[PDB]
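Notes to accompany the following structure.
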Amino acid sequence: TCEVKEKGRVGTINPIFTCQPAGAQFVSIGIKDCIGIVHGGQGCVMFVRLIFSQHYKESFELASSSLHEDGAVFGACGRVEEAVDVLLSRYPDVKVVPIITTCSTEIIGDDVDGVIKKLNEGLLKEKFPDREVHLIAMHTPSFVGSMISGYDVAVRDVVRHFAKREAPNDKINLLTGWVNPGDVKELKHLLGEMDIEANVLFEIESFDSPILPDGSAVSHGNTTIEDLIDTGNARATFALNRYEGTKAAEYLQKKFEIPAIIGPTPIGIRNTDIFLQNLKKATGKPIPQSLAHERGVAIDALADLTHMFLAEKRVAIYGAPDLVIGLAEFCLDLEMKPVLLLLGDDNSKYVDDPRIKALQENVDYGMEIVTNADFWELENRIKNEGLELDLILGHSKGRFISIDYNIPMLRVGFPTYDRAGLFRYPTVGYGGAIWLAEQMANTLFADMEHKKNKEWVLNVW
Amino acid sequence: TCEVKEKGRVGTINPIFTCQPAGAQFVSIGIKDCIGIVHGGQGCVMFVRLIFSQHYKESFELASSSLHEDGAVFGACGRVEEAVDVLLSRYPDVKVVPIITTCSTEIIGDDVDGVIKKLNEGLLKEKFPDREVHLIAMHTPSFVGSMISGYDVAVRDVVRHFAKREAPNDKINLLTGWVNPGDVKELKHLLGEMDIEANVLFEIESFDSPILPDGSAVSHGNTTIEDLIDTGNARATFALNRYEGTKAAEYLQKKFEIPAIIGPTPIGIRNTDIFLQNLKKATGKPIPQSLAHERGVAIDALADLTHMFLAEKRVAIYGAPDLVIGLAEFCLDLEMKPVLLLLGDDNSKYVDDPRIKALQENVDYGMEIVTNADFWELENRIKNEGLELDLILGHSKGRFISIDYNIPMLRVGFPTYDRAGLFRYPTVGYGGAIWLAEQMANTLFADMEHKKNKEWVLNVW
Amino acid sequence: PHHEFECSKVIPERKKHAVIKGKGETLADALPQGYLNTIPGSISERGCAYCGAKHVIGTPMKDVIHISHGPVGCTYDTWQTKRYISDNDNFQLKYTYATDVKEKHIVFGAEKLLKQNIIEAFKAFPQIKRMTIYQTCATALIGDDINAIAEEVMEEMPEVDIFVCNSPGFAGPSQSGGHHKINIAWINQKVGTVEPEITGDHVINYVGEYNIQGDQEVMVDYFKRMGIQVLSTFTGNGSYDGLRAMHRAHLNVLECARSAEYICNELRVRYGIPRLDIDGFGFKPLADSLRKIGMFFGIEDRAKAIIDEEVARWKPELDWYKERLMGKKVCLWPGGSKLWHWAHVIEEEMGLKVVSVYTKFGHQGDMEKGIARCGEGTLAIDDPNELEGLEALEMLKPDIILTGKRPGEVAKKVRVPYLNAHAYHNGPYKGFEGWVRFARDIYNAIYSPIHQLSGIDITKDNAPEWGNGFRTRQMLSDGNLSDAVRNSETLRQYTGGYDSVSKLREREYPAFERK
Ligand code: CLF
Ligand code: CLF
Ligand SMILES: [Mg+2]
Ligand SMILES: [Mg+2]
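In C-alpha cells form, the structure reads like this:
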C-alpha cells in the first residue's frame, strides 16, 4: 500500500530545495523591468543568481542590501534605503523592485513595510518624481517552508500589489507554476487552440536569449505591470501548481471573487484532459478537434512504449511537490510503479492533497511518500534497506545517487544543470507527455546498453 | 590531412544501407493516395515495409507483384498486370501507383514501360475509365548504388511524370531529401519566415499519425498529384541533398529551364545561413530579423558547449552521404575532429563533391573518408588499428560497435529504431543545430557518468 | 464452412483460404487451401524463400559466418530484425556478410567475387571456421555454381567447412519452400559428417527451435535437469558441427513441425531415429511433452520432479492473470506453428477466447492442427492480406492480437493492442515461467490506461469527467472480481525479473551416473 510518512531524522543530509527567498527571486526575474533587492547578506542573492545560471546558463539581475556587522546588531533598514537609491540611480528602466527578506532581516526584525512607505512618500517623490516605481515587500524567512513556498508567497505579493478590477474581461489568469520556457510555450499553445486569452504568470520564454551580432540581447521576463494589474479583471484564475499558486489564486478569489481552479498539475494525458475540461467549464469554449488529434499523436508515442518497456518499472521521484505528484500519476497510467516519492520540505498540507488521498486509496503495491525529505532518504534506502529501482526522475542535485548506485535518471524539475537544453522542452501537456515518456524510454535504453541487459531487444519493438 | 580512399575489400561485412528499391519505396510512401508495387520477390517489399516500421513504428501501404518460379523462367509482366488490377479493384482511393523494379525483374528484362503502356490503353480505359490512375515506372536494379541513389531516381521519375509548365508562379520546389518529419516542420518554418511558398517534396509530417477515439487515422504522406504537377510552374528548385535530389532538379532545369540550386545540405549554422542566402538570391525576398533572433538563440546554446565540451572530440560519422558530409562540416564549426567518414555505397561522384574537396583542402589532422564503406571499416579500425573515438554519429544498425567498444553514439539518419521519437526532432536548420549539439553533449555527459570520467565537472559549465 | 471477406469478393479465389469452424463440422468437412501461389497486388503478409531458408532457419547457428551471395540489399534487410540469441555472444546477430554483386557480375557471373568474399570473411573472423552461403534472387538467375566454389575453398582450406543453401526469394510462394530446401541440403551435405563425443545414456536432437529471446535455453534447461544430452538444436543457439552429428541422436524432439518436419522425416528413413512431436508452451502441453521424453528414456521421475516444482512456483502467478483475462478475445496471427501451439492451451490456462487464427505460409497440415485445436466459431485464414486483417478486426472486435510488428502497428491505429507473437514482448514465452510472462504482457496490453485514454473523445460534451490523474491497470481489471479472488492469499502478479534467461546461463547441473 501507499504509506505517507515524515522523515525520521531531524536534520538535513543532502537537501532537495533551498530556502523561501530563492523562490521569491525566481518570481521576480520573470517580470519585465523588475530587479529585486534581497535584504540580507550578500550570499543570499549571489548564490541564488548562480542557481539560475546553473539551470539556464544566463545571468539575471538581482541586487543585495549588503548586510554587514553593524546592521545585524542595530537593524538594517538603512541598508535597504541606500540600496533602493543606488539601484534606481543607476538602472533608469527599472519599474518593479521587490524587497525580499532573508533569515537575517526577519530575525533582527527590520520593518520592511515601514521602510517602503517611507521611500514612497520620501525618496521616490523627491528624487524620482517622473518615474513609475513599485516597491513590494516579500516576507520570506528561510526557517519555514522552502523555495517552493517562497514562490507561492511572492506570486501572491505581486498580484496583491498590482491587481485592480477596473475593467472586467474574459481573460483567465494562468499561473503556470515554476516551470520551464518549454512549458510556457506548451501552455500558450493549448490556450491558443482553445481560443482563450490569458494573463500568463510568468512569461519567461525570453529567458532563452540570443547572442545577436550587435550584442544587444539579455535574458529577461515579459510579464508586465499591465498584465499583473489585469489579473484583477479575469473571469478565473487557473493555478496549475497548488504549492506555487494557491495563495495568489485564493487572494484574487477572496478580494475580487475571481474563481480559483487549483490544479491538477497538467502532467500526463489524463491531467492535461482535466485542464482542458476545466477551461471549457470556466470559459464555455469547446475543446477543438485539433487538440484531440494532438492528444492522439501523443497517445501513439506512448502506445509504442507502455506495455513493452515502461510497465512495472520501479521509480523514485523528487523535486517540486506538484511535479513529483503529477509524475507519479502519469507513471501509473504508463503502467509503471513509482515506489518512492520525496517531498523535500515541511509543508503540512501534503497529507490533505486530494491527489495523495487518491494514491492512498488506489495504490496496491509497496509505495512510500516521505515528507520533509532529503536525498539521504533515497540513498539510505538504496544502500542499507535494499530498495530496488529501475529509474529515477528528478533534478540534477540528486545526480551522484544515479551515478554511484547505477540507477539511470531522467532530469526533470529545477535545477537541471548536468544536461544541455532541457529548459526548452515541455513536461506539461500532450507535448510534455511525449517528451517524458520518450525520454524515460531513451534513458532506460541507454542503461540497457550500458549494462548489456537484453540490449539486443531494441530492434523490433 | 584528409584522405579519401575506397574500401579495400571487395565484399560487404555489416552493410550501412540497403538497395535502390528501398529508396523508391520511401519516395512513394510520401505521396497522397499512392501505393507502389514492388516488382519482384515478396521480400523486396515486406522487408522494406519493416525497415520503415523500425524507424516510425507505423505501417505504410506498399504491394508486391509476387514473383515465383514461373516468372523467373518465362518473364513476369503478367504479375505486374494482375497486381495493378487487384490493387485498383480493392483500393478505390489509390491514384498513384509506382512500379518499382528489383534485381530479379531487371535481370529477366521484363519490359515495364511497355506493360504500363498496355495497361494505360487497356485495363485502365476498360475497367477504370472514371478514375485517375498514374502508373510510374521506377527502374531500381539493386546491383548498383543503394537506397540513396534509388531515392534520387524515384524523385526524378515522379517529377518527370507529373510536371507541366502551364501556369508559372513564384513558388519554389523544395526537395527536402530523405529527412524526418521534424526536418520538414523545420524547413517549412524557415520558408514561412522568409515568406516563400513551396512545393515540398515530401510532406511526411502526417507519418506521425494519431490513435483517434474512432480508430480512423492512418500514417500517410501529403505530397499531392497537384503539388507534383505544379513543380513545372516554379521559379527555382531547391535540392538540399545532392545525392537524393540532383536528378529531379536537373530534369526540371533542362525540361522547363527552372534554375536548380543543389545543396548544400543545411546542417549547422553556416550551411543554414547559405540556404537562407540562396533563397534570398532566387526569390528576392529579404532575410527577416525573426530568423536572425532564432539564429542567435541557437548560437547561444552552441556557445555554452563548444570550447568547454565539444572541442577536439574525435568523431566517426556514417549514414546518408549528405548527412555525413553536413555533420562533418558542422562538427568542425563546433571545434570537433571528425576523423572517419563512411560513405557506404559505390557512388563515383563523392570524390567530386565540392564539400569534400573543401575538407581535403582545409583539414590538417589525420582524417579518412572511406567510399564503398561498410561497418567493418569502422569496427576493424577500432579493434585492430588503434582508432580512438570519443563519439559516433550514425543510425541504429551501427549500434553494436557503440555498445561493444564502449564509444557513445548519437542516433542520426535512417533508420533510428533503438531510440524513441527521434523522427520528431530536426537535424537541419537552426533548430537542428541546437538539437544536434545539445544531444551530442547529453550523449557525452551520460558517457562521462557511466565511465566516471570527470563526471563532477558537469556542475558549473 | 468457407468464409468470404467483403474486401476480397473481387478476388473470389480467396474464399478457398478461409473457414469458420462450423457447428458439428470436422476436418473432413472444411479446410482452407494452403501453400499455393500468392495473388499479386493483394498486400499479402508473405515473405520470400530466402527469408525462410536464410533468415529463419540458417542464421540462428551461433558459430557460423552467414554469407548471402547477392547484392547487399537482401543482407541489410535481414539484419537486426530477429531476436534469436546465443551463448556465443550473439555473433549471429552482430555480424552479417554480403558478396555485393554488381552489374558487371550479371553478364560474367560472380564466382570469383564469391571466392574473394569467403577468404576475406575467414580472414576478418579467425575464430570462426564454419560458413553457410545463401543464394539470392540475383545469384540464382545468373547461375553461379556456389557448391563448386565452396568445395574449391574447402580443398584449399581443410580447417573450414562450408554449407550451401540454394534458396532464392522467388523459389516458391513463401517462406515455406525455403524451409524445405535448407532441411534437405543440410541432411544431404552435412549430417553424418561428424562423430560426436557422447556424454550420456540419453541423447536427443531438439529440432525446430530457433531460440527467440531464449526459448531454446529455457527448454534445454529442463532437458539438462533430466540428464539428457542435447546432441543438437536445429538451429536456435545451435552449433554447426553439433548439427553434423544429428545421425547419432536416440530421439528427434520436434517443436516447430512446420519448419523442421522435413529433416525429422528423412532422419527416420535414413537412420531409424523416431520422431516425437512436442509443444513448448503452456503448463499441460509442456508437462506432457517432458513426461513423454522422460518415459522414453526411463527417467520419468526426473521429469515429474521438474514439472511439480515449476508448476508450484508459477501456477499461482498464471492464475492471477487468468482471473483478469477470462473471456477476453484474441487473434493468434503469427506466421506458422505458434497458431496451433497456442490455440487450445491459451483458452484453457489464460481464459482467452480465440476468435481467429492465421498462417502466412503454413500448409494444410497447419490448419488441420489449428482448427482441430480451436473452438467452433473460430475464423481460420491462409495467406492473409492487410484488408482482410482489418476487416476481421472490425467483424470480430478482439481485445488483443498476437502478430508481427508492422501488422501490430496497423491494429494500433484502429485501437486493437498487440503482442509481437514472433519476436515476443518480454520473452521468452516457452516454458512454465515464460507462460506467465506471456500472460502478463497480454494483461498489460489489454488493461493499458493509455488504451483506455485513447478511446475517449475529448470534444464530446458528455465526456467522462476524470477525477484523479491516473487509473491503475488493476483499477481497470479488478472492478468485477469476486472477493475470494481479490483477496486470494495465493494469487499474485509475476515475480520474475526483467531477464528470465541469464540465470540459466550461470547454472550448474547435477551429473547423473551412466550405466
Ligand atoms: S549571507 Fe551567507 S548564504 Fe546568506 S543566509 Fe547568510 S550565511 Fe547564508 Fe542562508 S538560509 Fe537562505 S541563503 Fe540566506 S536566506 Fe538565510
Ligand atoms: S525476394 Fe528475398 S529479399 Fe528480395 S532480392 Fe529476392 S532473395 Fe532478396 Fe534483395 S538485393 Fe534488394 S532486397 Fe530485393 S531488390 Fe534484390
Ligand atoms: Mg542560453
Ligand atoms: Mg507513431
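Chains as they are written, first to last, in the UniProt record's numbering: chain A, 2 to 462; chain B, 2 to 462; chain C, 2 to 516. Where a beta carbon is used, it is the ideal one built from N, C-alpha and C, also for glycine.
query: Along chain A, which residues have their Cβ under 9 Å away from the Cβ of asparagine 223/B?; result: The premise fails here: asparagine 223/B is roughly 14 Å from chain A at the closest Cβ pair, so nothing lies under 9 Å.
query: Throw me the rounded Cβ distance for the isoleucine 30/B and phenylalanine 53/B pair, which I believe falls under 8 Å.; result: 7 Å
query: Is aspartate 334/A close to chain C? Criterion is C-beta to C-beta, closer than 8 Å.; result: yes
query: For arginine 157/A, count neighbouring Cβ atoms within 10 angstroms of its own Cβ and tell me buried if that reaches 16, exposed if not.; result: buried
query: Inspect the beta-carbon positions of residue 517/C and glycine 170/C and report whether they are closer than 8 Å.; result: Residue 517/C falls outside the range modelled here, since chain C spans only 2 to 516, and no answer is possible.
query: Residues bridged to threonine 100/C by DSSP?; result: Looking at the DSSP assignment, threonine 100/C forms no beta bridge with any residue, so it has no partner.
query: With a threshold of 7 Å (Cβ to nearest heavy atom), would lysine 58/A be considered close to ligand 3?; result: yes
query: Using only CA atoms, which one of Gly387/A, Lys172/A, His221/A, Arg166/A lies nearest to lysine 255/A?; result: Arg166/A
query: Check for me: the beta strand (DSSP E) holding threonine 2/A runs from which residue to which?; result: Segment: none, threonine 2/A is in no beta strand (DSSP E) and carries neither H nor E.
query: Any beta carbon of chain E sitting closer than 8 Å to that of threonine 496/C?; result: Chain labels in this structure do not include chain E; the protein chains are A, B and C.
query: Can you tell me whether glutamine 230/C is helix, strand or coil according to DSSP?; result: strand
query: With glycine 173/C and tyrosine 211/C assumed to form a contact (beta carbons below 8 Å), what rounded beta-carbon distance in angstroms separates them?; result: Between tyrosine 211/C and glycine 173/C the Cβ distance is about 20 Å, and since that is not below 8 Å, they are no contact.
query: Taking 7 Å as the cut-off, does the CB of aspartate 209/B come closer than this to any heavy atom belonging to ligand 4?; result: yes
query: Which full runs of the beta strand (DSSP E) of 3+ residues lie inside the stretch 201-260 of chain C, going along the chain?; result: 204-210, 230-236, 252-255
query: Under a three-way DSSP split, which group does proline 465/C fall into?; result: coil
query: Just to confirm my understanding: we take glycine 352/C, look at its own chain, exclude 5 residues before and 5 after, and list those with CB closer than 6 Å. What are they?; result: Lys323, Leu326, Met327
query: From the DSSP output, in three-state form, read off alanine 125/C for me.; result: helix
query: Could you tell me whether any Cβ in chain C is nearer than 8 Å to the Cβ of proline 322/A?; result: no
query: Who does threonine 307/A pair with in a DSSP beta bridge?; result: DSSP, once it has assigned bridges, lists no residue as partnering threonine 307/A.
query: Would you say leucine 340/C faces chain B, with C-beta separation under 8 Å as the test?; result: no
query: Using only CA atoms, which one of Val413/B, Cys332/B, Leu388/B, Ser397/B lies nearest to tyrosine 406/B?; result: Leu388/B
query: Give a yes or no on whether the C-beta atoms belonging to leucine 188/A and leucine 175/A are separated by under 8 Å.; result: yes
query: When the cut-off is 8 Å and only beta carbons count, does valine 95/A lie next to chain B?; result: no
query: So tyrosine 418/B contacts chain A; which residues on that side make the cut at Cβ distance below 9 Å?; result: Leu459, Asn460, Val461, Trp462
query: Using only CA atoms, which one of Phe61/A, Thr2/A, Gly79/A, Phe310/A lies nearest to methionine 449/A?; result: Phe310/A
query: Let me check understanding here. Comparing Cα to Cα, which of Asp71/A, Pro355/A, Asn460/A lies closest to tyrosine 244/A?; result: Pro355/A
query: Among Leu292/A, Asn242/A, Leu229/A, which one has its Cα closest to the Cα of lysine 96/A?; result: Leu229/A
query: What span of residues does the beta strand (DSSP E) with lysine 338/A cover, start to end?; result: 338-344
query: Use the C-beta contact count for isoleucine 14/A: other C-beta atoms within 10 angstroms, 16 or more gives buried, fewer gives exposed.; result: exposed
query: For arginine 296/A, which residues of its own chain have a beta-carbon under 6 Å away from its beta-carbon, when the five flanking residues on both sides are left out?; result: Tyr431
query: Say the cut is 7 Å; is the CB of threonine 137/C nearer than that to a heavy atom of ligand 2?; result: yes
query: Please decide whether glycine 48/C counts as near chain B, where near means a Cβ-Cβ distance under 8 Å.; result: yes
query: To the nearest angstrom, how far is it from the Cα of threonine 106/B to the Cα of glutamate 311/C?; result: 54 Å
query: Using a Cβ cut-off of 9 Å, pull out every chain A residue sitting near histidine 294/B, in sequence order please.; result: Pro211, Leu213, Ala218
query: Of the choices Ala237/A, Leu277/A, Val113/A, whose alpha-carbon is the least far from that of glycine 193/A?; result: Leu277/A
query: Would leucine 303/B and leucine 335/B be called neighbours here (beta carbons separated by less than 8 Å)?; result: yes
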